[PDB]
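Residue numbers (PDB author numbering), protein chains in the order written: chain R, 650 to 949; chain H, 1 to 595; chain S, 285 to 309, 314 to 406; chain B, 164 to 284.
Ideal placement from N, C-alpha and C gives every residue a C-beta, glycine not left out.
One structure is given below, encoded as structure tokens.
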Amino acid sequence: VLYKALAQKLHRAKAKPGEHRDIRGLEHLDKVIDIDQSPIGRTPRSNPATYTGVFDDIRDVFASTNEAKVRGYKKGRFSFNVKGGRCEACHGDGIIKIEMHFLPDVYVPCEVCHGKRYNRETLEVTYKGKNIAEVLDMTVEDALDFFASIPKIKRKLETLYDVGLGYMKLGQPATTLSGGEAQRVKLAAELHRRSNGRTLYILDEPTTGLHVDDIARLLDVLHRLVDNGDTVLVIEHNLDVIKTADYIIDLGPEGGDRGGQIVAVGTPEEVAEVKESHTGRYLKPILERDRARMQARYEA
Amino acid sequence: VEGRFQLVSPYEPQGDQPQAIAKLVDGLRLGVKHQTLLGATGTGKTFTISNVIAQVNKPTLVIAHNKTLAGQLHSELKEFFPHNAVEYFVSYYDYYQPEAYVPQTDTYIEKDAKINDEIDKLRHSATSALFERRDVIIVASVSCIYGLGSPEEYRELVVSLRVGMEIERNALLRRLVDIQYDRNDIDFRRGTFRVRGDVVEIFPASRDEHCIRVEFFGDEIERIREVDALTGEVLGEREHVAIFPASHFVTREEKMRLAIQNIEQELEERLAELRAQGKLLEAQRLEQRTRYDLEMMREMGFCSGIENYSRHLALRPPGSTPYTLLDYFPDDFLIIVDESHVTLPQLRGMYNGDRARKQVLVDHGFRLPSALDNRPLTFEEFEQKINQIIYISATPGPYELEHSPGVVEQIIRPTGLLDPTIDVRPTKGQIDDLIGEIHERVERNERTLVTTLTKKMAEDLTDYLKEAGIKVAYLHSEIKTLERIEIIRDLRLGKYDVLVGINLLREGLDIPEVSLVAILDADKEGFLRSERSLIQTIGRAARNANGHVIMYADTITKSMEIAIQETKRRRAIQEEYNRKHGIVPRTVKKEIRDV
Amino acid sequence: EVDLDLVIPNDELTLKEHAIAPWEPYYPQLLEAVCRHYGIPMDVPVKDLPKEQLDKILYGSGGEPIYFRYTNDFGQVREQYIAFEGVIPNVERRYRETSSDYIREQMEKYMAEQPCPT
Amino acid sequence: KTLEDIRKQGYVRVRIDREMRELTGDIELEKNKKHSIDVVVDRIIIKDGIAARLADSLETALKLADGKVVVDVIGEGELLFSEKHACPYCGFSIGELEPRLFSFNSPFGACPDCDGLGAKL
Ligand SMILES: [Zn+2]
Ligand SMILES: [Zn+2]
């Protein structure tokens, strides 16, 4: 209902919104970003580096290196999906997909490029002792440590780091990414933008696949997005996030046709004191638990 | 045997031209450092100087003070010397913005604006022609004093090819890259090489359509030809060929290795200083950018905005007087300064505007302090740079007259046209007076130029003139450069009978159809009512046989005195000449242009 | 089959500025033809249009000949005498007749799933 | 239409009707006669690290004749490349060798004129 209407209004999206009367306060924001939990890409051609746009710039440095100049390679010879330099055997996939009939399909490495995704001569061009296959294999952390050089690469990898990742490689195919991981790579894309304070983010269960300790950092990021004027909306069951929220809107007592109506709105404490809300019925003791944990720490 | 100038002109020197030519040539040959041609408007200044240069045979730089005047001089000299290298050296400054910062709105104006291909090409054509042949004239804007990389580096780095030399293909293709060429087989443009196995085509930074073609038969170059790009039409058949760097800021590898370290040191120092005085933001900015540039330099021996490191790259002391285009010329080169009374002060101001712009950048951490050493020359360094010099003006400034052994006069025009007569009239009832005179001009199929001191008076006068029934256009103090030509041309066609503006010294206002020029507020304070400005303005009516000047004033200032007296003298001498030759003055006709 | 809601994004957009989504840059001039013919005004917020004005343009003339002259992408004029079909049967027809996975997907965007009536 | 354009690009070494010739040599071929044109890209010596040069020249030559190249050896005979399962002389292709390509219970292997039956009636 909300996202589709806001989208058809703000970005002229064509998705038919759910049945509703009207939506007001539309003048209070310019753009609505729904950071989906759907995958990044549907082919191994897509990866964090591609989705973020890092891989675009990362070809520019290879195209500008000494050997490439004398070899005339440009930002296409090092291109993943371009015949110029990619492994003609795997057609730039790097991994051949085998056909498993009743079992799920399996990805077996290309026996010609050994998974390097480029031909022999393309990876002869070096950048600080490492080639494009090698840098595509690097970890995001190791990548930003490697690209402290270029600020434009750096400020993009930093987003992937702040997000919660930074343990995953630049060239890890999108088809092998967890739903939460994907959602988080998108969160990386929207992370660093000049916020005018008039944009609304929508995240569907960004907790999925995260430890509580990771929930901490992620909440730091999101609350930083809120700090800069923007609005962050989140569909969650995880109480460690719900308690952190400044405003919560609890839906339908029970599910099915027994529901689809507001149980309670307001601050976490205002909803915690609502007996008819299961959410607050499970939130109230968590509010009182950690509140005592802090006073125990503060007194010592 | 030298390649010498061959002046091609349908006419011969006439008037007091031969005497002036003889004087300036004799001066350049005797060894005078400073000379001054006081030439009235209407006489062949460009042609006279062309005669001088043609007679002396020296590499010459001629400086103008804007894109338009430059371009005109280029065209003229290219007509006068078609068999010789007539070169065009401007830069960014012609119509582009430089790197700057505004501490108020917090906006860093990048140097971004892509190096316009034509202009860059012309720059390289110029600098390369300077080393290749002797018969080279280079007209230039003031930009000829800007920061430019060393001549010796630009020289020694050249790939000097000869037929059948002991060279390898890949070696060459690496050397082209060291010098800042790019391979672009898929789009062959200027400053690009293209490999096709054993066919190597190189597009010199100096050329238009003429590209070089080198090949191999083993580890030895066979044939080297001049091919017409994207055609293959063989034009040349050279045995020796030298390919000069595509940038004027390229550097040796060792000198680069050292310079980088020096830059690291200066960066560390300025960083320590910034963080010491609490300017941490600036330190962050500076560190990011400087580190980026440093890595690009460690990688491929260059980056964008490499100019800002020139000094360090030259391994020269901090505060060093930069090398410029002047150094690229031989020792015994010759300088011509057109419209000196404005070009010389403009040259003088170039240092202060640049230093201010760069200092703000250093303050807020956009640059290292060494970026201040990549700058235009100060006037003194320019003075020291001079071998010989000839200033050209109708109204020579203080400096020119001061440093020159008097002046060489050229006052007689080839058509016998005289400097106009001058009427000075009271201010009371000036509008109606000028209106009547204008009506008389209109009856005689003639045009009028009117200059007022202030914009408000200009608009008020335009209104006052439209109501009288007079065809008048207003040349706004800042109107589109292409509309200028339109309105002026339309004045020539007679769509307008009068033209009102504040500054009449801006070019394009030499109109044979103009027989009257009115100068209101002739006695008032301002740059445009000065002696020289007044004479220059008076020179606008000298293009017509019935040319007349009306100054509207209540008093007679010193400037008005000097201007009137000078015009009187010139006019008397010109009528003496015409009497002595049996010449009747008549208006020079000129065809009118279009698109 | 074609959803009426997808054909017009909002029920109040200027028909002069392509109110109907599928017919958007031949068709814009067909709009002009049928509008001329029926007396349907160009500068319009669809919401206020009478139901018949909308029924003609959406569901067809029902056999009645409409005059329709149009300038090709080339520049030449070619007048015809067609029996206008409508905007919806247009979509259904063009989607049904083409055996291309491209054209289909371009027309399916204005269609939705509706339960089998049988 | 050809000889102008490998001359427009700027080649020089070709091989026409077995005889090699210099471009811009006023070359003309007889209309109703067959002609064999083999452009001579690069010519090398086998040494150390000759890879990148070979490489580059191969890419050039292959991009020239639609992924077809002649490697004429000196002392021995000719060698030809083309990449992908295709014939250098007639186009004919087979793509990839998969088991189902040899099965008569699959359209990937079955004969057209009988549908993998092997028996008419
Ligand atoms: Zn492969
Ligand atoms: Zn069979």
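- Beta bridge pairing from DSSP links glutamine 368 of chain S with S:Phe356.
- The beta-carbon distance between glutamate 215 of chain H and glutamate 222 of chain H, rounded to whole angstroms, is 5 angstroms. This is short enough to meet the 8 angstroms contact definition.
- Of the candidates R:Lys658, R:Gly829, R:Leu874, R:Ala941, R:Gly829 places its Cα closest to the Cα of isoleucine 689 of chain R.
- Under the 10 Å beta carbon count, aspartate 198 of chain H is surrounded by 16 or more other beta carbons and is classified as buried.
- With fewer than three CB-CB distances shorter than 8 angstroms, the stretch 410-417 of chain H does not count as touching the stretch 482-493 of chain H.
- For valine 719 of chain R, a Cβ of chain H is located within less than 8 angstroms of the residue's own Cβ.
- Within 7 angstroms of the C-beta of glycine 281 of chain B there is at least one heavy atom belonging to ligand 2.
- In the DSSP assignment, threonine 43 of chain H falls outside any beta strand (DSSP E) and carries neither an H nor an E.
- Rounded to the nearest whole angstrom, the C-alpha separation of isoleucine 564 of chain H and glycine 539 of chain H is 12 angstroms.
- With a threshold of 8 angstroms between beta carbons, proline 306 of chain S makes no contact with chain R.
- Taken through DSSP and simplified to helix, strand or coil, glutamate 253 of chain H comes out as helix.
- Straight-line measurement puts the Cα of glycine 904 of chain R at about 25 angstroms from the Cα of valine 881 of chain R.
- Relative to ligand 2, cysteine 274 of chain B has its C-beta within less than 7 angstroms of a heavy atom.
- Contact of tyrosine 292 of chain H with chain R is assigned, a C-beta pair being separated by under 8 angstroms.
- Around the CB of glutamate 99 of chain H, 16 or more other CB atoms lie within 10 Å, so the residue is classed as buried.
- Relative to the Cα of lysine 718 of chain R, the nearest Cα in the group H:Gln180, H:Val1, H:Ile63 belongs to H:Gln180.
- For the pair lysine 495 of chain H and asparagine 503 of chain H, the Cα-to-Cα distance works out to about 21 angstroms.
- In the DSSP assignment, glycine 27 of chain H falls within the unbroken alpha helix (DSSP H) covering 17-30.
- Beta-bridge analysis with DSSP links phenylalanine 203 of chain H to H:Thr192.
- Distance from the CA atom of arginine 270 of chain H to the CA atom of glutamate 295 of chain H, rounded to whole angstroms, is 18 angstroms.
- For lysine 663 of chain R, a Cβ of chain S is located within less than 8 angstroms of the residue's own Cβ.
- Taking C-beta atoms as the reference points, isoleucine 224 of chain H and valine 163 of chain H count as a pair closer than 8 angstroms.
- The beta carbons of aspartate 373 of chain H and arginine 311 of chain H sit closer together than 8 angstroms.
- For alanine 228 of chain B, no CB of chain R lies under 8 angstroms from its own CB, so it is not counted at the interface with that chain.
- Counting along the chain, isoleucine 109 of chain H sits inside the beta strand (DSSP E) bounded by residues 107-109.
- In this structure, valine 286 of chain S has its CB at a distance of at least 7 angstroms from all heavy atoms of ligand 1.
- By alpha-carbon distance to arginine 357 of chain S, the top candidate from S:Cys323, S:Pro333, S:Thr386 is S:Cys323.
- Not a single CB atom of chain B sits nearer than 8 angstroms to the CB of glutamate 854 of chain R.
- Between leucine 122 of chain H and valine 250 of chain H, the CB-CB gap reaches or exceeds 8 angstroms.
- Along the stretch 724-742 of chain R, none of the residues has a CB nearer than 8 angstroms to a CB of chain H.
- Collapsing the DSSP output to three states places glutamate 241 of chain B in a strand.
- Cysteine 736 of chain R counts as buried, since no fewer than 16 other beta carbons sit within 10 angstroms of its beta carbon.
- Bounds of any beta strand (DSSP E) do not take in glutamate 381 of chain H; it lies within the alpha helix (DSSP H) bounded by 379-385.
- In the DSSP assignment, the residues bridged to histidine 240 of chain H are H:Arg162.
- Straight through space, the alpha carbons of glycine 397 of chain H and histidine 74 of chain H are spaced by roughly 24 angstroms.
- With fewer than 16 other CB atoms across the displayed protein chains lying within 10 angstroms of its CB, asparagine 877 of chain R is exposed.
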